[PDB]
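Structure, as structure tokens:
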Amino acid sequence: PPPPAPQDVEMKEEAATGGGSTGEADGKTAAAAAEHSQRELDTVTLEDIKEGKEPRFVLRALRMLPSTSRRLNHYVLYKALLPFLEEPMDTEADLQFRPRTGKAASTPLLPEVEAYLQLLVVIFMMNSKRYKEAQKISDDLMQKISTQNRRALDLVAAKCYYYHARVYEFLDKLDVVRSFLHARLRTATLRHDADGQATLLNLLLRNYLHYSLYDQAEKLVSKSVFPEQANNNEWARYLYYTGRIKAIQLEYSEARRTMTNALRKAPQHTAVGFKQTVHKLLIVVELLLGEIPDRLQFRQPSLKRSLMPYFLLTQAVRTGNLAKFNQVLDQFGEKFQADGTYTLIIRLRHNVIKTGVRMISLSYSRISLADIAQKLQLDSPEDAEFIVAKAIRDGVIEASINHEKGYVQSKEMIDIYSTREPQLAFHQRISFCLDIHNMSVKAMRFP
Amino acid sequence: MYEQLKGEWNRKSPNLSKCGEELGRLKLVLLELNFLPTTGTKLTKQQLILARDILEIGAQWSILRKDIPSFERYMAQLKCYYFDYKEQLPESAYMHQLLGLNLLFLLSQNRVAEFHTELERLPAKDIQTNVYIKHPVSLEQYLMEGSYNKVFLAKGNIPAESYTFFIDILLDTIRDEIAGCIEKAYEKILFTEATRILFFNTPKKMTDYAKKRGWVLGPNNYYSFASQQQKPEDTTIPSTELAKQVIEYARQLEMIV
Amino acid sequence: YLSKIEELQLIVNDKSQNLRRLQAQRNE
Amino acid sequence: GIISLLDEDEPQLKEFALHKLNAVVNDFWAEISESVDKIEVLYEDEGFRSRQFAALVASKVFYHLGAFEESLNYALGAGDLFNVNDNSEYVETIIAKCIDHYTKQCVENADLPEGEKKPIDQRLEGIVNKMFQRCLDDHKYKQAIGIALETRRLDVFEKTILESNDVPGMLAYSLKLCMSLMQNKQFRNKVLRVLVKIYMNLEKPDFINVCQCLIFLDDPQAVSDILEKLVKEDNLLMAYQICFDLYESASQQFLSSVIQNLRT
Amino acid sequence: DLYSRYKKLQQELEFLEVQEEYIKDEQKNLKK
Amino acid sequence: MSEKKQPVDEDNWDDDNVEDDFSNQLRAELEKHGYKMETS
């Protein structure tokens, strides 16, 4: 009795998921597909968390005239892997429910992925996914029907793409799957579009990693439209790599804003080893800017376990002791290397001096050159003058250095009173928020 | 087989004509096979391994003659051989130093984003060893610090690291970005930084860099009477321009209705 | 495919009827 | 290193570069995009060893991009090579996109009744007619008529009515279905008259099938001519129905004129 | 008849867009 | 829609920022700072 009960609830959930998708697909267009398919996908994720009986339920899913209730009785009668994957099509063709057949093909793959064999059997699941992909290829290319499969089964193809990524993660990588995704991008170029292409492209960047940054640059050129970001999590995924691309490309200032936007869009728990990686990129890039971000604002516990290094490193950046920074680099070099942001830490070792100058610029309106030398422990006043030229850098108040008695005049912007001097400054800020009044137009359109 | 290309290795290239003959024979190698159309036929790729060695020495000849467009083609081709999956490819002593030479070359063409891309390109080489790779990475730390302050240290860091032609290019790529500052009479001497362009307090050699095109780069006001810099400033007359901006934004808020 | 996939593009334009229903409700 | 191959000025290398670009267009879309200006010069250069192949790789620069018009420009450079890829996954869509460019250009030419119609690209027209021939090979009347009125050319339409030569539904009331969805009467009348002529070409011209010319064309002489043939063959039974059908289906006017033609 | 169906679906969109303009115009008249 | 993917790559807080600021400092414990003024 205890082992059958999980099977009964899962089978009932799958039957409800199939019935809802099929009924909507039959009536209307656009509302026909993906109206509850995303809900069905989260229900499928719950089914993945909740666990062979599922393959027997899959067997002979459809024959001709609808007999799904009779089929459910037949699944109970079986109670009372590779062959099972192809068994329903072999036993009897559905004779209808083409969007359902792709969903039916997807249902056995999830248990095969759940098994996580990391073996040829998992590759056989990939072969079953390829057969499902062929049905997806013909959904509009050969079938002249509406894109119910493109609207819904493309998400199923995206899950299959992630399973394909799992097989490649077990091995090395498949650029050919990305090329197949490029063919899907041509399908996206057609009447209907999907943003799954960017996520696989992010994996392509990841595979090249340090060895090639061209793929990231190619990604920047590849960037197109898809501002719908219906997944939203997908937009965060695009943002996380896009921010990574800028951070490696030395555009740290743009990257931190992108990472913050990416950090905000995390509806999924991302409890362990997940959101922490997104947090890690934001903190390092802000440290690279030289502004010091304390970890107290967020401090996720899993972020904390990986943050024992960075937290000491943040203390090291505040401290003037290079040896403390060296101890942190040697002791905590591991894990940061796993993150892949270790190269950013290597550039950060030089950046420690910049943090002090930024503190000086906020603290002192007109600091003495010799005083700057004492504050940053410059060996000589001329070295401090050289540092002052570096201090002007970009995005800081004009030094306007006299080069004589004035020394580091570092004059701050004046008349910054949100008055005439900032009249553009405090009106432009309103324009952006007032521009967000678009939400009233967008939601009004939905009814 | 394919001699002369590997035949002149002992006599590298005292004559530039020998490099031209080598290019023609390399073109004949291209006639025999493309650089790497596919990863199939690894034996043909083994022939390409011999080609990599001749290209690596050929790139050194390009630096010896200070070629730029031909060197760019050869450097891209050498990178493509590294691009080739060729797992069979053996470790090459020429390859490690030349990738470091390429890193220095990126500084010479001022491709700063690429220079970090190259530091990324060999993470295992950078680790701690590969002293040839280390000199440009140390130079990169100096470059963000301002190559001018440590340029004397960088010049004397290695008398010969196979970068002898490349260090001459490094002297050529001496940074003059410090030019946007007061100088001549107002500052009079910038030799304290130690960059070659502003090096020397007042002699004709310093004057040649200092008074090149009248003043260093030569655009903008003369440094001696320069007002610190361009000194463009800003005005509140823009309110009329802002009024024009106001027409566009305000009309749109009404346009939405 | 030229005259069998272009008709599919007109199916994309069918969503405008849903907007027409929303505006029809406003008219009432 | 596709750019590096272009940098050396060797004609054999020019062929090597286009072949290498064809091999991995997807892997390095940006590299072709960076060198697209160089590629465009080579594609339009007669001196280039394979300008047609350079045009084929130029379409590959636009493989990621969606510009059909650029592909039509590439078809001009490719010449036969664009036609040579009669069926090729992605290119098949791009040639179809060129067919869409061709139909809109042809519809614009049909719109002009004063002549001076802009010439269709011969290479673009060649891919369109070749795909149109594939539709005739398929034997589907619908596929054959698929570019028949898109080109707005009666000569292509005669080939489409011929199709695989079965001509069963087309040689009957296919005109009525076309007339219902037809947008322009001026182009429609040419289609209507030619289709009734093909019906006349059949050994028996159905009076219902030729009725559309009798009423929609409303040519009094043409109805008199068919009526005269009925009198000549003395087929009074067939003649009786068409005359009554004409009176019910259409108004007098031309009907009165055929009565005048019949009386004298 | 895919070529004919493409024309038929195109006609349906053209008619709907033509009608869509009327509803907005009358609705604006109602507001006055 | 769990991302996963990246596993491969007050009571005890709030004051942490304040504590971090002078964790290296405060060796004087304030009383020495007063003694330093006395020497001054």
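If you're wondering about the labels, chains in the structure tokens are A, B, ... by order shown, residues count from 1 in each chain, ligands from 1 in order shown.
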
### Task
For region 3-5 of chain E, list every protein, DNA or RNA residue within 10 Å, evaluated using only C-alpha atoms, and leave out those in the same chain fewer than 4 positions away; present the list as an MDAnalysis selection string.
(chainID C and resid 1:8 10) or (chainID D and resid 142:150 177:178 181:182) or (chainID E and resid 9:11)

Near chain B, which residues of chain D fall within 12 Å when you count only C-alpha atoms, and what do they look like as a compact mmCIF listing (two decimals) with N, CA and C atoms, in the first residue's frame?
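Contents of part37.txt, as written:
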# COMPACT_ATOMS: atom_id res chain seq x y z
N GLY D 1 40.36 32.51 -38.51
CA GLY D 1 41.33 33.29 -39.30
C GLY D 1 40.89 33.43 -40.75
N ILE D 2 39.58 33.54 -40.98
CA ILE D 2 39.06 33.74 -42.37
C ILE D 2 39.60 35.08 -42.88
N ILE D 3 39.66 36.09 -42.01
CA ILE D 3 40.13 37.45 -42.43
C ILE D 3 41.58 37.32 -42.89
N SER D 4 42.38 36.52 -42.19
CA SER D 4 43.82 36.40 -42.53
C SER D 4 43.96 35.87 -43.96
N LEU D 5 43.13 34.89 -44.33
CA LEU D 5 43.19 34.31 -45.70
C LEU D 5 42.88 35.41 -46.71
N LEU D 6 41.87 36.24 -46.42
CA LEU D 6 41.51 37.36 -47.32
C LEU D 6 42.67 38.36 -47.42
N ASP D 7 43.39 38.57 -46.31
CA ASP D 7 44.48 39.59 -46.31
C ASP D 7 45.54 39.23 -47.36
N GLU D 8 45.90 37.95 -47.49
CA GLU D 8 46.85 37.59 -48.58
C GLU D 8 46.10 37.63 -49.92
N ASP D 9 46.65 38.34 -50.91
CA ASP D 9 45.95 38.49 -52.22
C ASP D 9 46.34 37.34 -53.16
N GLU D 10 45.82 36.13 -52.92
CA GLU D 10 46.07 35.00 -53.85
C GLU D 10 44.73 34.45 -54.33
N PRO D 11 44.53 34.23 -55.65
CA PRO D 11 43.23 33.78 -56.16
C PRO D 11 42.85 32.40 -55.61
N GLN D 12 43.82 31.50 -55.50
CA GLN D 12 43.54 30.16 -54.90
C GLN D 12 43.13 30.36 -53.44
N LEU D 13 43.79 31.28 -52.73
CA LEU D 13 43.43 31.58 -51.32
C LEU D 13 42.01 32.14 -51.27
N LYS D 14 41.63 32.93 -52.27
CA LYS D 14 40.26 33.50 -52.31
C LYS D 14 39.27 32.34 -52.33
N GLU D 15 39.54 31.32 -53.15
CA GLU D 15 38.67 30.11 -53.19
C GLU D 15 38.73 29.40 -51.83
N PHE D 16 39.92 29.32 -51.24
CA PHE D 16 40.06 28.60 -49.94
C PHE D 16 39.21 29.32 -48.89
N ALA D 17 39.23 30.65 -48.90
CA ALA D 17 38.49 31.41 -47.86
C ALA D 17 36.99 31.14 -47.97
N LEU D 18 36.42 31.18 -49.18
CA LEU D 18 34.95 31.00 -49.30
C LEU D 18 34.60 29.57 -48.88
N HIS D 19 35.42 28.61 -49.27
CA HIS D 19 35.16 27.19 -48.92
C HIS D 19 35.21 27.03 -47.39
N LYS D 20 36.19 27.66 -46.74
CA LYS D 20 36.32 27.55 -45.26
C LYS D 20 35.11 28.21 -44.59
N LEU D 21 34.67 29.36 -45.11
CA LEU D 21 33.49 30.06 -44.55
C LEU D 21 32.25 29.18 -44.71
N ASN D 22 32.12 28.51 -45.86
CA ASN D 22 30.97 27.61 -46.10
C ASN D 22 31.02 26.49 -45.06
N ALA D 23 32.22 26.00 -44.74
CA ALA D 23 32.35 24.86 -43.80
C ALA D 23 31.82 25.22 -42.41
N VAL D 24 32.13 26.42 -41.89
CA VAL D 24 31.71 26.75 -40.49
C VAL D 24 31.09 28.15 -40.42
N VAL D 25 29.96 28.37 -41.10
CA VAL D 25 29.25 29.68 -41.02
C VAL D 25 28.71 29.89 -39.60

### Query
For the atom pair CA of residue 102 (chain B) and CA of residue 178 (chain B), what is the interatomic distance in Å to one decimal place?
25.1 Å

### Task
Would you kindly return, as a VMD selection string, each protein, DNA or RNA residue with an atom no farther than 8 Å from any atom of residue 108 (chain A), considering only C-alpha atoms and excluding same-chain residues fewer than 5 positions away?
chain A and resid 54 to 55 58 85

### Task
Using CA of residue 333 (chain A) and CA of residue 114 (chain B) as the two end points, give the distance in Å to one decimal.
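Between CA of residue 333 (chain A) and CA of residue 114 (chain B) the gap works out to 24.8 Å.
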
### Message
Give me, as a list in words, the residues of chain A touching chain D, with the criterion being at most 10 Å (counting only C-alpha atoms).
### Response
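Here is what falls inside 10 Å: residues 175, 176, 178, 179, 182, 183, 185, 186, 187, 189, 190, 214, 215, 217, 218, 219, 220, 221, 222 and 224 of chain A.
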
Preceding selection exported with C-alpha atoms as a tab-separated table (two decimals), in the first residue's frame:
chain	number	residue	atom	x	y	z
A	175	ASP	CA	28.51	22.48	-30.36
A	176	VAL	CA	26.28	20.50	-32.81
A	178	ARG	CA	24.03	24.56	-30.33
A	179	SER	CA	24.02	24.38	-34.18
A	182	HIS	CA	20.76	27.78	-34.41
A	183	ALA	CA	18.34	25.89	-36.72
A	185	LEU	CA	16.82	30.12	-34.07
A	186	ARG	CA	15.89	30.05	-37.80
A	187	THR	CA	12.50	28.65	-36.65
A	189	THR	CA	13.17	33.87	-37.16
A	190	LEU	CA	9.84	32.50	-38.54
A	214	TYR	CA	35.31	35.47	-28.64
A	215	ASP	CA	32.15	33.40	-28.04
A	217	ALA	CA	31.84	38.82	-28.05
A	218	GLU	CA	29.95	36.77	-30.68
A	219	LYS	CA	27.11	36.62	-28.12
A	220	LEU	CA	27.06	40.45	-27.95
A	221	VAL	CA	26.64	40.59	-31.77
A	222	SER	CA	24.16	37.65	-31.54
A	224	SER	CA	18.69	40.41	-30.85

## Note on the structure
Taken to one decimal, the CA of residue 9 (chain F)-CA of residue 194 (chain A) distance is 26.9 Å

### Task
Just the residues within 9 Å of region 158-172 of chain D, please, counting only C-alpha atoms, with nothing from its chain fewer than 6 positions along; format it as a VMD selection string.
chain D and resid 132 to 133 135 to 148 194 to 196 198 to 199 202 206 208 to 210

Written file, previous selection with C-alpha atoms, as a tab-separated table (two decimals), in the first residue's frame:
chain	number	residue	atom	x	y	z
D	132	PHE	CA	7.57	26.45	-59.30
D	133	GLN	CA	8.74	23.54	-61.52
D	135	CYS	CA	5.49	22.23	-57.51
D	136	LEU	CA	4.50	20.94	-61.01
D	137	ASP	CA	6.62	17.81	-60.25
D	138	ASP	CA	4.75	17.48	-56.91
D	139	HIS	CA	1.53	17.44	-59.07
D	140	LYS	CA	-0.47	19.42	-56.46
D	141	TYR	CA	-2.72	21.88	-58.38
D	142	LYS	CA	-2.67	24.10	-55.25
D	143	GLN	CA	1.18	24.06	-55.07
D	144	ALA	CA	1.35	24.70	-58.85
D	145	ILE	CA	-1.09	27.68	-58.53
D	146	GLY	CA	0.92	28.73	-55.43
D	147	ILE	CA	3.01	31.29	-57.37
D	148	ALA	CA	0.55	31.53	-60.31
D	194	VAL	CA	-7.69	32.13	-70.33
D	195	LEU	CA	-9.32	29.45	-68.10
D	196	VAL	CA	-12.50	29.41	-70.26
D	198	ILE	CA	-8.53	26.04	-71.61
D	199	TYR	CA	-12.10	24.72	-70.96
D	202	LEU	CA	-11.10	20.34	-73.68
D	206	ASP	CA	-18.92	22.47	-70.18
D	208	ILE	CA	-21.49	25.66	-66.70
D	209	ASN	CA	-17.65	25.95	-66.89
D	210	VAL	CA	-17.88	28.41	-69.86
